[PDB]
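Written below as structure tokens is the structure these notes are about.
So basically every Cβ, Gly included, is an ideal-geometry build from the backbone, and we count neighbours across all protein chains shown. Each value in this text was obtained by applying a stated rule to the coordinates, not by laboratory testing.
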Amino acid sequence: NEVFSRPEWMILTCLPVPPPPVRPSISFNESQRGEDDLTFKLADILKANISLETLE
Amino acid sequence: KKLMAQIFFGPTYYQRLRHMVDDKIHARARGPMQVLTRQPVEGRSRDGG
RNA sequence: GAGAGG
DNA sequence: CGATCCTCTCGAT
């Protein structure tokens, strides 16, 4: 669909960053963090993106 | 008054099992909500839905 | 995750 | 890519 779906859109150029209500925090002890897997993976993709930006 | 029927009666070894009403009764009319889903919490111990 | 209940 | 439902308790990360 010319409007809603193109095959060029099946490849990622700009990835949508989910807000905190999707990947919330809060632990059992109020001295440490306690982040969501989704947040840890997004940090992981960023580490991979800045690395690529550096090397280039 | 005598019962028309005679009853089979005598001692029999019975066991008191765990699983007691009072450890099972649970009711919730609004209460704690889960963080992510914003849906009721799970279990009697947590006042769950 | 296991142990259990109907 | 499927593999009952719901319910409880426990211990451990």
For this session: Using only the Cα atoms, work out Rg/Rh for chain B, with Rh taken as the Kirkwood radius, to two decimals.
Result: 1.44
Problem set entry | In nm, spacing of pseudo-spin labels at A:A43 and B:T37 (7 Å Cα→C-beta vector) | 2.7 nm
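Per the helix-only calculation at 222 nm, which mean residue ellipticity applies to chain A, given -39500 (n - 2.57) for every DSSP H run of n ≥ 4 and division by its residues, nearest 500 deg cm²/dmol?
-11500 deg cm²/dmol
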Seminar exercise, completed: log10 I(q)/I(0) for the protein assembly as shown, Debye formula on C-alpha points only (no solvent), q = 0.14, 0.23 Å⁻¹, two decimals, reads -0.93, -1.27
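State whether chain A is rounded, prolate or oblate according to the following rule on the C-alpha gyration tensor (a ≥ b ≥ c being the square roots of its eigenvalues): a/c under 1.5 gives rounded; otherwise a/b larger than b/c gives prolate, and the remaining case gives oblate.
oblate
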Exercise. Separation of the stretch B:7-49 and the stretch A:1-51 by C-alpha centroid, Å?
Worked result: 40 Å
Exercise. Going by alpha carbons, how many degrees (0 to 90, nearest 10) lie between the helix axis of A:37-55 and the longest principal axis of chain A?
Worked result: 60 degrees
